[PDB]
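Notes follow once the structure below has been shown.
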Amino acid sequence: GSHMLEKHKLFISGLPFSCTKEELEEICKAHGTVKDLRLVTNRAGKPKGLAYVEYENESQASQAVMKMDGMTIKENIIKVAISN
């Protein structure tokens with residue numbers, strides 16, 4: 001009958017202290033299409049290098065994670081892994 005597609009989220013951390021949501025969003029589109037992006041921050045409105053971003057599909061995120069693993073950002077090394 002009717003079925004709802006299953007979404008997936010990527011675990012990204014280790015981003016620079018100068019990295020913002022706009023910068024990260026730009027990166028996601030490079031590997032695919034950023035459909036959902038959220039930046040972990042407190043009520044103070046302080047952005048943080050730890051956040052999650054869901055991909056339109058599973059294949060896109062899968063091919064993106066392999067190529068994005070070890071990606072150098074501002075001379076820094078970030079870690080990316082798939083969730084469930």
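Residues in the structure tokens are numbered from 1 in each chain, the chains being A, B, ... in the order shown, and ligands are numbered from 1 in the order shown.
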Could you give me, as JSON lines, a per-residue list for region 40-72 of chain A showing, wherever an atom lies at most 9 Å from an atom of region 77-84 of chain A, the closest pair of atoms and their distance in Å to one decimal, using only C-alpha atoms and sorting by chain then residue number from low to high?
```
{"residue": "A:61", "atom": "CA", "partner": "A:82", "partner_atom": "CA", "distance": 8.0}
{"residue": "A:62", "atom": "CA", "partner": "A:82", "partner_atom": "CA", "distance": 7.7}
{"residue": "A:65", "atom": "CA", "partner": "A:80", "partner_atom": "CA", "distance": 6.3}
{"residue": "A:66", "atom": "CA", "partner": "A:80", "partner_atom": "CA", "distance": 8.6}
{"residue": "A:68", "atom": "CA", "partner": "A:80", "partner_atom": "CA", "distance": 7.0}
{"residue": "A:69", "atom": "CA", "partner": "A:80", "partner_atom": "CA", "distance": 5.7}
{"residue": "A:70", "atom": "CA", "partner": "A:78", "partner_atom": "CA", "distance": 5.9}
{"residue": "A:71", "atom": "CA", "partner": "A:78", "partner_atom": "CA", "distance": 6.2}
{"residue": "A:72", "atom": "CA", "partner": "A:77", "partner_atom": "CA", "distance": 5.1}
```
Restricting it to N, CA and C atoms, dump the selection as an mmCIF file, in the first residue's frame.
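The resulting file, again.cif, is shown below:
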```cif
data_model
loop_
_atom_site.group_PDB
_atom_site.id
_atom_site.type_symbol
_atom_site.label_atom_id
_atom_site.label_comp_id
_atom_site.auth_asym_id
_atom_site.auth_seq_id
_atom_site.Cartn_x
_atom_site.Cartn_y
_atom_site.Cartn_z
ATOM 1 N N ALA A 61 24.780 9.499 0.713
ATOM 2 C CA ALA A 61 25.516 9.599 1.965
ATOM 3 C C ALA A 61 26.653 8.583 2.031
ATOM 4 N N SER A 62 26.405 7.384 1.510
ATOM 5 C CA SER A 62 27.407 6.320 1.524
ATOM 6 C C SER A 62 28.627 6.663 0.673
ATOM 7 N N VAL A 65 30.434 9.711 2.453
ATOM 8 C CA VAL A 65 31.210 9.405 3.654
ATOM 9 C C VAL A 65 32.603 8.856 3.345
ATOM 10 N N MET A 66 32.703 7.964 2.368
ATOM 11 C CA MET A 66 33.996 7.383 2.008
ATOM 12 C C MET A 66 34.962 8.449 1.499
ATOM 13 N N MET A 68 34.588 11.669 1.998
ATOM 14 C CA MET A 68 34.696 12.725 2.998
ATOM 15 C C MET A 68 35.488 12.281 4.226
ATOM 16 N N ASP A 69 35.768 10.986 4.336
ATOM 17 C CA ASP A 69 36.518 10.474 5.477
ATOM 18 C C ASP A 69 37.966 10.950 5.434
ATOM 19 N N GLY A 70 38.337 11.768 6.414
ATOM 20 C CA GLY A 70 39.690 12.286 6.478
ATOM 21 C C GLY A 70 39.842 13.619 5.763
ATOM 22 N N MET A 71 38.721 14.201 5.341
ATOM 23 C CA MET A 71 38.735 15.480 4.643
ATOM 24 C C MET A 71 39.373 16.565 5.497
ATOM 25 N N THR A 72 40.291 17.305 4.892
ATOM 26 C CA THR A 72 40.980 18.380 5.587
ATOM 27 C C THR A 72 40.253 19.702 5.468
#
```
>> I need the residues in chain A that are strand (DSSP E) according to DSSP; give them as a list in words.
In response: residues 9, 10, 11, 12, 13, 34, 35, 36, 37, 38, 39, 51, 52, 53, 54, 55, 72, 73, 76, 77, 79, 80, 81 and 82 of chain A
>> I need the residue nearest residue 55 (chain A) from this list: A:42, A:13, A:33, A:2. Use only C-alpha atoms for the distance.
In response: A:33
> Between CA of residue 75 (chain A) and CA of residue 44 (chain A), what is the distance, to one decimal in Å?
Replying inline: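 Calculated distance between CA of residue 75 (chain A) and CA of residue 44 (chain A) is 28.0 Å.
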>> Just want the 9 Å neighbourhood of residue 21 (chain A), counted on only C-alpha atoms, with same-chain residues fewer than 4 positions away dropped. Output as an NGL selection string.
In response: :A and (25-26 or 37-39 or 47)
>> Env of residue 57 (chain A): 12 Å cut, atoms = only C-alpha atoms, seq-sep filter 4 positions within chain, self excluded. Answer as an NGL selection string.
In response: :A and (5-10 or 32-36 or 53 or 61-64)
Selection from above, N, CA and C atoms, as a tab-separated table (two decimals), in the first residue's frame, can you write it?
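Final output, saved to result.tsv:
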```tsv
chain	number	residue	atom	x	y	z
A	5	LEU	N	9.61	6.42	3.19
A	5	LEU	CA	11.04	6.25	3.02
A	5	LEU	C	11.78	6.47	4.34
A	6	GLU	N	12.85	5.71	4.54
A	6	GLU	CA	13.64	5.81	5.76
A	6	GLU	C	14.79	6.80	5.58
A	7	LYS	N	14.88	7.76	6.49
A	7	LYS	CA	15.93	8.77	6.43
A	7	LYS	C	17.18	8.31	7.17
A	8	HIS	N	18.31	8.93	6.84
A	8	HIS	CA	19.58	8.59	7.47
A	8	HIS	C	20.32	9.84	7.90
A	9	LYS	N	21.12	9.72	8.95
A	9	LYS	CA	21.88	10.86	9.46
A	9	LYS	C	23.36	10.53	9.56
A	10	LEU	N	24.19	11.51	9.27
A	10	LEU	CA	25.63	11.34	9.34
A	10	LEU	C	26.18	12.01	10.59
A	32	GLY	N	26.82	15.94	-2.32
A	32	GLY	CA	25.46	15.59	-2.69
A	32	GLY	C	24.53	16.78	-2.57
A	33	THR	N	23.33	16.54	-2.07
A	33	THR	CA	22.37	17.62	-1.89
A	33	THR	C	21.94	17.70	-0.43
A	34	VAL	N	22.25	18.81	0.22
A	34	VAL	CA	21.89	19.00	1.62
A	34	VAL	C	20.40	19.27	1.75
A	35	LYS	N	19.68	18.32	2.32
A	35	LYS	CA	18.24	18.45	2.50
A	35	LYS	C	17.90	18.93	3.91
A	36	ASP	N	18.64	18.43	4.89
A	36	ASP	CA	18.42	18.80	6.28
A	36	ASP	C	19.75	19.04	6.97
A	53	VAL	N	23.78	15.81	9.75
A	53	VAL	CA	23.14	16.21	8.49
A	53	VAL	C	22.62	15.00	7.71
A	61	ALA	N	24.78	9.50	0.71
A	61	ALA	CA	25.52	9.60	1.97
A	61	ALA	C	26.65	8.58	2.03
A	62	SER	N	26.41	7.38	1.51
A	62	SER	CA	27.41	6.32	1.52
A	62	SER	C	28.63	6.66	0.67
A	63	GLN	N	28.40	7.19	-0.52
A	63	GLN	CA	29.51	7.55	-1.39
A	63	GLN	C	30.21	8.79	-0.86
A	64	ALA	N	29.43	9.65	-0.20
A	64	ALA	CA	29.95	10.88	0.37
A	64	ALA	C	30.84	10.64	1.58
```
>> What parts of chain A does DSSP call helix (DSSP H, G or I)? I'd like the answer as a PyMOL selection string.
In response: chain A and resi 21-31+58-68
Output N, CA and C atoms for every residue in the selection just made, as a PDB file, in the first residue's frame.
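The resulting file, part08.pdb, is shown below:
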```pdb
ATOM      1  N   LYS A  21      27.557  27.177  10.119  1.00  0.00           N
ATOM      2  CA  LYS A  21      26.559  26.402   9.408  1.00  0.00           C
ATOM      3  C   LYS A  21      26.618  26.646   7.908  1.00  0.00           C
ATOM      4  N   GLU A  22      26.811  27.896   7.510  1.00  0.00           N
ATOM      5  CA  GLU A  22      26.881  28.224   6.093  1.00  0.00           C
ATOM      6  C   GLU A  22      28.044  27.492   5.429  1.00  0.00           C
ATOM      7  N   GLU A  23      29.175  27.423   6.125  1.00  0.00           N
ATOM      8  CA  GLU A  23      30.353  26.747   5.592  1.00  0.00           C
ATOM      9  C   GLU A  23      30.115  25.244   5.448  1.00  0.00           C
ATOM     10  N   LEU A  24      29.531  24.635   6.479  1.00  0.00           N
ATOM     11  CA  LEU A  24      29.249  23.200   6.471  1.00  0.00           C
ATOM     12  C   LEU A  24      28.228  22.844   5.394  1.00  0.00           C
ATOM     13  N   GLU A  25      27.187  23.659   5.288  1.00  0.00           N
ATOM     14  CA  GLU A  25      26.137  23.437   4.302  1.00  0.00           C
ATOM     15  C   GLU A  25      26.735  23.392   2.902  1.00  0.00           C
ATOM     16  N   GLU A  26      27.700  24.267   2.661  1.00  0.00           N
ATOM     17  CA  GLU A  26      28.367  24.333   1.368  1.00  0.00           C
ATOM     18  C   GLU A  26      29.083  23.016   1.080  1.00  0.00           C
ATOM     19  N   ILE A  27      29.681  22.444   2.118  1.00  0.00           N
ATOM     20  CA  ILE A  27      30.400  21.184   1.991  1.00  0.00           C
ATOM     21  C   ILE A  27      29.473  20.017   1.643  1.00  0.00           C
ATOM     22  N   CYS A  28      28.312  19.955   2.296  1.00  0.00           N
ATOM     23  CA  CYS A  28      27.352  18.877   2.050  1.00  0.00           C
ATOM     24  C   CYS A  28      26.905  18.833   0.597  1.00  0.00           C
ATOM     25  N   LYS A  29      26.610  19.986   0.024  1.00  0.00           N
ATOM     26  CA  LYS A  29      26.175  20.030  -1.364  1.00  0.00           C
ATOM     27  C   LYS A  29      27.274  19.550  -2.319  1.00  0.00           C
ATOM     28  N   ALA A  30      28.532  19.719  -1.922  1.00  0.00           N
ATOM     29  CA  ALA A  30      29.656  19.289  -2.756  1.00  0.00           C
ATOM     30  C   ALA A  30      29.626  17.786  -3.014  1.00  0.00           C
ATOM     31  N   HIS A  31      29.266  17.038  -1.986  1.00  0.00           N
ATOM     32  CA  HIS A  31      29.208  15.585  -2.081  1.00  0.00           C
ATOM     33  C   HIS A  31      27.824  15.097  -2.507  1.00  0.00           C
ATOM     34  N   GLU A  58      20.305   7.148   0.617  1.00  0.00           N
ATOM     35  CA  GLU A  58      21.284   6.365   1.358  1.00  0.00           C
ATOM     36  C   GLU A  58      22.586   6.250   0.574  1.00  0.00           C
ATOM     37  N   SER A  59      22.457   6.046  -0.734  1.00  0.00           N
ATOM     38  CA  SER A  59      23.611   5.911  -1.613  1.00  0.00           C
ATOM     39  C   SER A  59      24.456   7.178  -1.621  1.00  0.00           C
ATOM     40  N   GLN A  60      23.793   8.329  -1.671  1.00  0.00           N
ATOM     41  CA  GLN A  60      24.499   9.605  -1.691  1.00  0.00           C
ATOM     42  C   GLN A  60      25.364   9.754  -0.449  1.00  0.00           C
ATOM     43  N   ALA A  61      24.780   9.499   0.713  1.00  0.00           N
ATOM     44  CA  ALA A  61      25.516   9.599   1.965  1.00  0.00           C
ATOM     45  C   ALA A  61      26.653   8.583   2.031  1.00  0.00           C
ATOM     46  N   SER A  62      26.405   7.384   1.510  1.00  0.00           N
ATOM     47  CA  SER A  62      27.407   6.320   1.524  1.00  0.00           C
ATOM     48  C   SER A  62      28.627   6.663   0.673  1.00  0.00           C
ATOM     49  N   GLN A  63      28.400   7.191  -0.523  1.00  0.00           N
ATOM     50  CA  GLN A  63      29.514   7.547  -1.392  1.00  0.00           C
ATOM     51  C   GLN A  63      30.206   8.792  -0.856  1.00  0.00           C
ATOM     52  N   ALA A  64      29.428   9.648  -0.197  1.00  0.00           N
ATOM     53  CA  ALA A  64      29.950  10.884   0.370  1.00  0.00           C
ATOM     54  C   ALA A  64      30.843  10.636   1.585  1.00  0.00           C
ATOM     55  N   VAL A  65      30.434   9.711   2.453  1.00  0.00           N
ATOM     56  CA  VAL A  65      31.210   9.405   3.654  1.00  0.00           C
ATOM     57  C   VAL A  65      32.603   8.856   3.345  1.00  0.00           C
ATOM     58  N   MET A  66      32.703   7.964   2.368  1.00  0.00           N
ATOM     59  CA  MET A  66      33.996   7.383   2.008  1.00  0.00           C
ATOM     60  C   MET A  66      34.962   8.449   1.499  1.00  0.00           C
ATOM     61  N   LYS A  67      34.466   9.309   0.623  1.00  0.00           N
ATOM     62  CA  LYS A  67      35.278  10.380   0.054  1.00  0.00           C
ATOM     63  C   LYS A  67      35.501  11.518   1.046  1.00  0.00           C
ATOM     64  N   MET A  68      34.588  11.669   1.998  1.00  0.00           N
ATOM     65  CA  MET A  68      34.696  12.725   2.998  1.00  0.00           C
ATOM     66  C   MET A  68      35.488  12.281   4.226  1.00  0.00           C
TER      67      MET A  68
END
```
> Distance CA of residue 50 (chain A)-CA of residue 73 (chain A), one decimal place?
Replying inline: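 Separation between CA of residue 50 (chain A) and CA of residue 73 (chain A): 14.0 Å.
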> So how far away is CA of residue 41 (chain A) from CA of residue 56 (chain A), in Å?
Replying inline: 23.7 Å
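Closest to residue 52 (chain A) among A:19, A:74, A:12, A:4 is A:12, based on only C-alpha atoms.
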